[PDB]
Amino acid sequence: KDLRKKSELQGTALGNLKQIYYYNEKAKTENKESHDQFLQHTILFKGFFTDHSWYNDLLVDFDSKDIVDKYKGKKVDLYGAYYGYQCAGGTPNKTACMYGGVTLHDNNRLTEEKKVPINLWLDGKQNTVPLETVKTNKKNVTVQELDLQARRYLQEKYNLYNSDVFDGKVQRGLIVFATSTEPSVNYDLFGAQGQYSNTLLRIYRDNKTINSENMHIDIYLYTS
């Protein structure tokens, strides 16, 4: 183990994790481009939202200027969670923020949707997870795209981020994105930093991307 316990999470942090992974809508677009920037580790997509009530622009945060350079001016696809609190950079009051979630558009379409096999163990006992739970059309997919989908299932099925009072029985948990061609990426399900979206989502700022072709996800949940 030696993972964070949900009881170590404070007041609003648990509620906001449920907000992010269960209630909020996700930014999901194909074929966008921009060379606009706010700070040098960001890329500003002016007019990203066309139907949104409150928002207009999307400011994407990356780990460094080096990562920005790989996407700036190129045609890209986006899939990620965004927040409006403590966000600014474009149109005043109508700017939404996101960490990573950007992949190159050209030659990344798979002929058919790839269904990512999920292996799940609740207190050692294996549980069957439907194959259409986590899926993608990208050859190189951000871990964020996959994580958002997996955690929603965990919410629906296990009330992952509900307080104990509300049948939230899982206390510790881990998600592992196992690829055959590189080392695993694994997140502690209760290891987010802070209480708000602006800090809880920083885990995706590295824009970690993985080959979806022949990989799987392992999820280990514990009720104590």
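Residue numbers run from 1 along the displayed sequence.
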- Message: Per the record, averaged over C-alpha atoms, which has the higher B-factor: 111 to 119 or 83 to 91?
- Response: 83 to 91
- Query: Averaged over C-alpha atoms, is the B-factor higher for 154 to 162 or for 44 to 52 in this PDB entry?
  - Reply: 44 to 52
- Query: Whose C-alpha has the highest temperature factor in the PDB entry: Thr142, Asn127, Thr133, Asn137?
  - Reply: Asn127
- In terms of the CA temperature factor given in the entry, to which third of its chain does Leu9 belong: lowest, middle or highest? highest
- Task: Give the position of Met215 by CA B-factor within its chain, expressed as the lowest, middle or highest third.
- Result: highest
- For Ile175, the third of its chain into which the C-alpha B factor falls: lowest
- Check where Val68 lands among this chain's C-alpha B-factors and tell me if it's the lowest, middle or highest third. middle
- Note on the structure: Split the chain's modelled residues into thirds by Cα B-factor; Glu30 lands in the highest
